[PDB]
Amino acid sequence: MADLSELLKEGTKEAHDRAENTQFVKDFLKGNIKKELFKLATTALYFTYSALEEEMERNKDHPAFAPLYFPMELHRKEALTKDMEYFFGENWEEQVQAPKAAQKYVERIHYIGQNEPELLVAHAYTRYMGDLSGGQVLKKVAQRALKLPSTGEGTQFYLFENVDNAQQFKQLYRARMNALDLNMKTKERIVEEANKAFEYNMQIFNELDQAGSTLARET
């Protein structure tokens, strides 16, 4: 009956609103986030996106994912690697681990990309559609809050230097999702997997929240 993009928008309303209501997000938007906590979040992002982009690369020619493959426009790994150099140093990859909640999310991404790639759209939609929407605001907030350089270092993740217009690209992306040949069953499963994706993001946030509480006991 309805488009996948609408099924997704409507089917993830509840989960999207709970994501806005998380303590970590409220403290972020209002500008009260501290360096070492931003570093854990950036780390969470790096491992998340590394897996996601590895799995999209795997399925770049899969008819159930091919139209959503935008390496040059959307991919965040390169940017996040630059952000990890700035915060952690030169040999960061040798020493940093993926936080537990991020590791769970990563595990799920690898499963989906390797075994049920028709559901990978759910993880791409959840992640990239959000990035394009709020990217400009969060970049400005974090820079001012942490006294970061205006030239961009430390926030490369939030800048899409190959998207000329975010709104127009979102429109493009929705139309590509809707063109995918899918049963009503597979569509329902995709919506269910996006809600799972949000729940993984929730776990990540409240991990950071409780990591911030142990950050406050020390300081």
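Don't overthink the numbering: it's just position in the shown sequence, from 1.
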| item | value |
| --- | --- |
| Stretch with the greater mean C-alpha B-factor as recorded in the entry, comparing 103 to 111 against 134 to 142 | 134 to 142 |
| Residue 45 - Cα temperature factor, lowest/middle/highest third of chain | lowest |
| Third assignment of residue 192 from its chain's C-alpha B-factors | middle |
| Modelled-residue ranking by C-alpha temperature factor, third containing residue 33 | highest |
| Where the record places residue 53 (Cα B-factor, split into thirds across the chain) | lowest |
| Lowest, middle or highest third - CA B-factor, residue 95 | highest |
